[PDB]
Amino acid sequence: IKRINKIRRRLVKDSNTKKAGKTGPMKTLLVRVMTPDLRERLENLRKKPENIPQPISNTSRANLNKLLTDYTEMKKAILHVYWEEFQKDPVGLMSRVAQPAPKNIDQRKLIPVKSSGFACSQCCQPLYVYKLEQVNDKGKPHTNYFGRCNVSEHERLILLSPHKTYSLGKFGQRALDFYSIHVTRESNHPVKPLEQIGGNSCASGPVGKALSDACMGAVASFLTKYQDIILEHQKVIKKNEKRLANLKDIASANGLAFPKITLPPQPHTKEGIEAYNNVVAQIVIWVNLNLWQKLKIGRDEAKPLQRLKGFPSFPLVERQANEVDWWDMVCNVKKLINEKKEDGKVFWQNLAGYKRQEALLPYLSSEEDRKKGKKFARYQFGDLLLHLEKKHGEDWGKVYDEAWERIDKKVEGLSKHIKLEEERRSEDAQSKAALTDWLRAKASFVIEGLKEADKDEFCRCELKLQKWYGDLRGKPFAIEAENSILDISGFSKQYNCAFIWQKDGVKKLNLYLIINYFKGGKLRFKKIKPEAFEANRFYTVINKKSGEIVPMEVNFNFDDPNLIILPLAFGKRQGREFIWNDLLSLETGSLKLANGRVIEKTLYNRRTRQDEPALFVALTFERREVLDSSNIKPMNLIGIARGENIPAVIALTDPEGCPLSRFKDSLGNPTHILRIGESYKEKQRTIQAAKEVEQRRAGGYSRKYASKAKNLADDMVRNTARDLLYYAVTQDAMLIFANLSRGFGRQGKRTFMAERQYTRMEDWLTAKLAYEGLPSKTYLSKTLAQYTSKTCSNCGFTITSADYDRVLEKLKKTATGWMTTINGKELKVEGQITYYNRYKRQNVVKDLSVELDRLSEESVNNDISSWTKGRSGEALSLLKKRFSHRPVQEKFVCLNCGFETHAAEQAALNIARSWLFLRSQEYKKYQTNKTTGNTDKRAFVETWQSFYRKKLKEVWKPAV
DNA sequence: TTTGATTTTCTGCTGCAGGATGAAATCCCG
DNA sequence: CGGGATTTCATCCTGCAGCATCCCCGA
RNA sequence: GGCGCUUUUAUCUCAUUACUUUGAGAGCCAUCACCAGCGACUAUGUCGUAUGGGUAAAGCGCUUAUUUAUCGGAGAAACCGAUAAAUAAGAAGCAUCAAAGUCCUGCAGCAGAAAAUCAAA
């Protein structure tokens, strides 16, 4: 039996309970609002229910729509105002958003600055730096840099972060007094959206307090990103400046003329970023055109320059809402293309004989292109021209007329058909793509004749037409729908947002979420005896800051025109988790409601094959009781080898290191190897291939395939976490992850983001572990991953590039052929090497000795040491691939013993073995030696090998 | 015979940062 | 007066160390 | 690629709600040339292509009546008991079980896809 909540119940039972911390673990519940569509779906059941709930009233829906619209307008207005202010003065704004220290840090300041890092804007006076050194629990001291003015009204403790020349450190959302400047009537600011946008209809307090943090979070995040990147840009500039001289030196070494353009300094806007990147791109283009190709120079001798990447933007106001109509762009294309009839006509009708053959070169398709199921419209146009030439001879005056007429007919038919389809309700994706492609082909055929006469005019037309082509191709899949949100700061009587329910002597309670934001609405509260429940009365509870729970009664009327009433809909599992759980009771106070939102968003429906706006309610819950982890002590161990071909391979061993035959294979025999998450890559590749095949046809995949990959990946990671946690808890053990840097993954050519699932698995497993209050260091740990995939299990030797160099020097030719030895073990040089360097794309293999004999053609007596750098690079490469320990991803071969086994399993066992080693004593002795500056990793390799075969001799009896 | 640079556009998925407000004070206000 | 309705404000804490670890490559 | 069946529950020692998903579970249906795209050419078009937009499909059975032929009244003749099929209708158990869910706001980076510009292999 594998059920996650069963494991949670066992973990709860076998431990004690205690209260949570200041801010306990948090979890979010997402349900749906009762809409008449759900009612109709419920009424179509084969077994109709007896008590069908009532849907939302028409009165509340208009209130929700109006209030969400006003909310969006107000947020946009505030963002616009602050965008203008930032565009006026950056430094002032970023100095206005700083987060001061809590007003309890009044310990005696000891050393002031020995000074003008920043300045508070109220008095426009520079802030002076003050330091303080503290010793923590672990004894490591750190110094805090603070900013304080000389004016008593401005003597705050704004924190600073030093640099090796200072930075702010933290931007808070509640630092700025938003309410007193943009809501209250005393302020004379010209922008009062509640007074202006809202029409003086909504309550001031809650709406203003919500809008405050909603804007402040975004602006603080943007400013933090800007302050973080301002230093990385400086580092990139200083690094890239030196490289220019090296490129200049290499180009000048052959008398190359290099363009004279300078590098602008560090920009503080987005336009200077664009100019600097344009300069860098120009330099890179010149280098590629002149150095790498013509002079056959490698990239590492003349390394390329870098760009300035990652520059942020101010929220929501720099988004270019390129709202254009499809037919308008079509009309522009048709009007502009019709202008250039006569010039192209003259050009084609007044050409010579053999220049025509080279002119129509882009109009012939290769045989490889021809066979691939379909050819492009341009090539089809070229074939049409070829047919006209074969039909009518050399009379090229009339051929342009015939081509123009035929393309006119084709475009006219496409336009008529497209218009006719989208008249009623139909939308065709493929037809629009075909029309755009034919328009592009016609444009190219017309404009080819001006590519040399006037380049400036021709280039402007090129940019115009390519922008038009891109927009025409991308519009029929552009998404215009955007979310709409409604914050609710907190669930207390202050904010006037009720979550109420009723009682019948048991937890069976009817749900309702009530919002009172408009003026004139009535909604009261009444304090009651804790157990004075009455029939047909709605109840609720109000949490207290001190930790008391107040059973608090709510009374109101369902017919109030200024109220909003929301009934919810969910499942039994959700209710058992949050609403009426048995261990965590919001009635008692073990669970506390924090806040929530109201979300309307897109959703796919298979019945209509469309996306329709639907309402959602997100509620956040914070736990107030956690478990104790003082009574836990795992003994056994499991290693995990994360990857893409197999998302999870696990192996279990005892503390002694002996594998445990406690898992049943597909044949029912005991073993120590399991594979979780298999066959997932095939589903992902199927989804991706469907996306590609639909993208080739019409330029984009319909909304049916929009979110399949994310859902499948999330299911994989959640089930994998459940399985791993089950295997841990039921076997009395502890997991061992490999130490991998965050965001690790392969960035290549056939890579997709759905498969980068290492950090996601680790984070999810930590989250599900920490929800019960346990530290991640108890049921989880990470250790070194070095040499884990290079270590043999039978002989223990780890292959190193240093060994390759040693073995290569020994190799020579004998009567039997080329031979070599390793540690007294003779090797035979007779093999074949397979590989796949795209391009030709066919199975090609190479002989080993013959190529080595062929390599011996350019040398006498096969003196390998005398070979040049270029030909020696081939020499070790051939031996590296033929003697590789991983010729195939799932198959491993050893060199010193020739062992054959699955690759991941051995590495998985080596993970646990390494985790055991790192807490052994041989590691300590290595630490003592290396402290003297001997940063020789080969000593670590030697220590690894020595410790490994020391242990293998007695406890690790090899499998036979 | 595809390729490595650059340009145009559309998409989705991940990796960062922010945060998950109630208490106390006035000011009314019929 | 009592009960809303708008108005400020401020807030506890300090993972424990070595260079690959899932990558894959011409006639 | 779709069509009717929905469970299991992760709380067996105790209860609610329908939500968003994942898939491993039987049975059945994917035909038109109305419009477009495409390939080959007798070529300002003709044929095939079902590649897209539309248009019919998608469960057992009994019960009820009708229609074709048969065993039934030898008769084959109404009326049906049944035999095989088709038409129409309503109850009918539904042929279907097994697991998960922390949100949102804003940015940036990657890869997917066609198209445009230079040179070399």
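No lab work stands behind these numbers, since they all come straight from the coordinates. Quick reminder, even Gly has a Cβ in these numbers, built from the backbone with ideal geometry, and neighbours come from all protein chains shown.
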Pairwise centroid distance, computed over Cα atoms, of region A:43-93 with region A:219-296, Å: 45
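Would you mind calculating the relative contact order of region A:349-463 from Cα pairs under 8 angstrom and at least 6 residues apart, reporting the percent as a whole number?
Details: 45 pairs, mean separation 23.2, N = 115.
Relative CO of region A:349-463 lands at 20 percent.
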Region A:17-28 - phi-based ³J(HN,Hα) in whole Hz, Karplus 6.51/-1.76/1.60, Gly and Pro as x: 10, 7, 6, 6, x, 5, 10, x, x, 10, 8, 10
Cβ-derived FRET efficiency at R0 30 Å, A:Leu45 paired with A:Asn510, nearest 0.05: 0.90
Phi to ³J(HN,Hα) by Karplus 6.51 cos²θ - 1.76 cosθ + 1.60 over region A:722-730, Hz, x for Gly, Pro: 4, 5, 4, 5, 4, 4, 5, 5, 6
Full-extension gain in nm, A:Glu587 to A:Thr751, via 0.36 nm per residue minus C-alpha separation: 54.0 nm
Inter-label distance, nm, simple model (7 Å from Cα along the C-beta direction), A:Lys601/A:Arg949: 5.8
Sites matching trypsin sites (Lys or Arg not before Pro) across region A:36-98 that sit in DSSP coil, with at most 16 neighbouring C-beta atoms within 10 Å: A:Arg46, A:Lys47
Cα centroid separation - region A:533-599 against region A:787-818, whole Å: 70
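Based solely on its DSSP helices, what 222 nm [θ] is calculated for chain A when runs of n ≥ 4 H residues each add -39,500 (n - 2.57) and the sum is averaged over all residues, nearest 500 deg cm²/dmol?
On the way: 26 runs with 378 residues, N = 960.
Helices in chain A give a 222 nm mean residue ellipticity of -13000 deg cm²/dmol.
Subtract the Cα-Cα distance of A:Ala275 and A:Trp867 from 0.36 nm times their separation in residues, and report this length gain in nm to one decimal.
Values: separation 592, 0.36 × 592 = 213.12 nm, distance 4.72 nm.
So the extension gain works out to 208.4 nm.
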Phi-based couplings in Hz for region A:551-559 (Karplus 6.51, -1.76, 1.60; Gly and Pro marked x): x, 10, 9, 10, 9, 6, 10, 6, 9
Distance between modelled label sites at A:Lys467 and A:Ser204, nm, 7 Å Cα→Cβ extension: 4.8
Region A:823-859: trypsin sites (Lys or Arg not before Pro) in DSSP loop, at most 16 other beta carbons within 10 Å: A:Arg838, A:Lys840, A:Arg841
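For an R0 of 45 angstrom, estimate the FRET efficiency from the Cβ-Cβ distance between A:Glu186 and A:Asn332 and round to the nearest 0.05. Kindly include the intermediate steps, with their values, before the conclusion.
Details: r = 53 Å, r/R0 = 1.17.
Working from the Cβ atoms, E equals 0.30.
Here is the link list: A:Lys507/A:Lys704; A:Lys242/A:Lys464; A:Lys303/A:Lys930; A:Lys503/A:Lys544; A:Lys164/A:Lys777. Which ones come out longer than 31 Å on Cα distance?
On the way: A:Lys507/A:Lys704 40 Å; A:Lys242/A:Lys464 38 Å; A:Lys303/A:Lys930 34 Å; A:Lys503/A:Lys544 22 Å; A:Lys164/A:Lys777 33 Å.
As for pairs spanning more than 31 Å Cα to Cα, those are A:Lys507/A:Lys704; A:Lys242/A:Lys464; A:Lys303/A:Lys930; A:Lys164/A:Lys777.
Which entries of A:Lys371/A:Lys681; A:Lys76/A:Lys209; A:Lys790/A:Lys937; A:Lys209/A:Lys519; A:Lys239/A:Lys296 show an alpha-carbon separation above 18 angstrom in the structure shown?
Values: A:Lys371/A:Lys681 30 Å; A:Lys76/A:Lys209 16 Å; A:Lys790/A:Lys937 15 Å; A:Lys209/A:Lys519 16 Å; A:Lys239/A:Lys296 25 Å.
Over 18 Å apart, Cα to Cα: A:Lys371/A:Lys681; A:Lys239/A:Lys296.
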Region A:426-497 versus region A:318-365: alpha-carbon centroid distance in Å: 19
Separation in nanometres of the label points that stand 7 Å from Cα toward Cβ, at A:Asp654 and A:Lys88: 7.6
Candidate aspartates and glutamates - alpha carbon under 16 Å from A:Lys957, same-chain residues fewer than 8 apart omitted: A:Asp654, A:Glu656
Per-residue Cβ neighbour rank within 10 angstrom, fewest leading, A:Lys22, A:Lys683, A:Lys390: A:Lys22, A:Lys390, A:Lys683
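Can you sort A:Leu765, A:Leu384 by how many other beta carbons sit within 10 Å, fewest first? Could you put the intermediate results ahead of the total?
Values: A:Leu765 22, A:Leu384 16.
Lowest count first: A:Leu384, A:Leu765.
Loop only per DSSP, at most 13 neighbouring Cβ atoms within 10 Å: give me the chymotrypsin sites (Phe, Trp or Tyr not before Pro) in region A:805-864, ordered by residue number. Each step should come with its number before you reach the end.
Numbers: sites: A:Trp818, A:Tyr835, A:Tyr836, A:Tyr839; in loops: A:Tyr836, A:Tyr839.
Taking region A:805-864 and a limit of 13 other Cβ atoms within 10 Å, the loop chymotrypsin sites (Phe, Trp or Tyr not before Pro) found are A:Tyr836, A:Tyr839.
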A:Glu600 long-range amide H proximity, modeled H, under 5 Å: A:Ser484, A:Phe616
Two-site FRET efficiency, A:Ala689 against A:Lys374, from Cβ-Cβ distance with R₀ of 22 Å, rounded to 0.05: 0.80
Rounded, prolate or oblate (a/c below 1.5 giving rounded, otherwise prolate when a/b exceeds b/c) for chain A by Cα gyration tensor: oblate
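Order these by the 10 Å Cβ neighbour count, fewest first: A:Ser212, A:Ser946.
Working: A:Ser212 22, A:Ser946 13.
Final ranking by Cβ density, sparse to dense: A:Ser946, A:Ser212.
Figure the gain on full extension for A:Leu231 and A:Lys345 (residue separation times 0.36 nm, minus the Cα-Cα span) and round it to one decimal in nm. Spell out each step's value before the answer.
Numbers: separation 114, 0.36 × 114 = 41.04 nm, distance 5.74 nm.
Gain on stretching A:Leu231 to A:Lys345: 35.3 nm.
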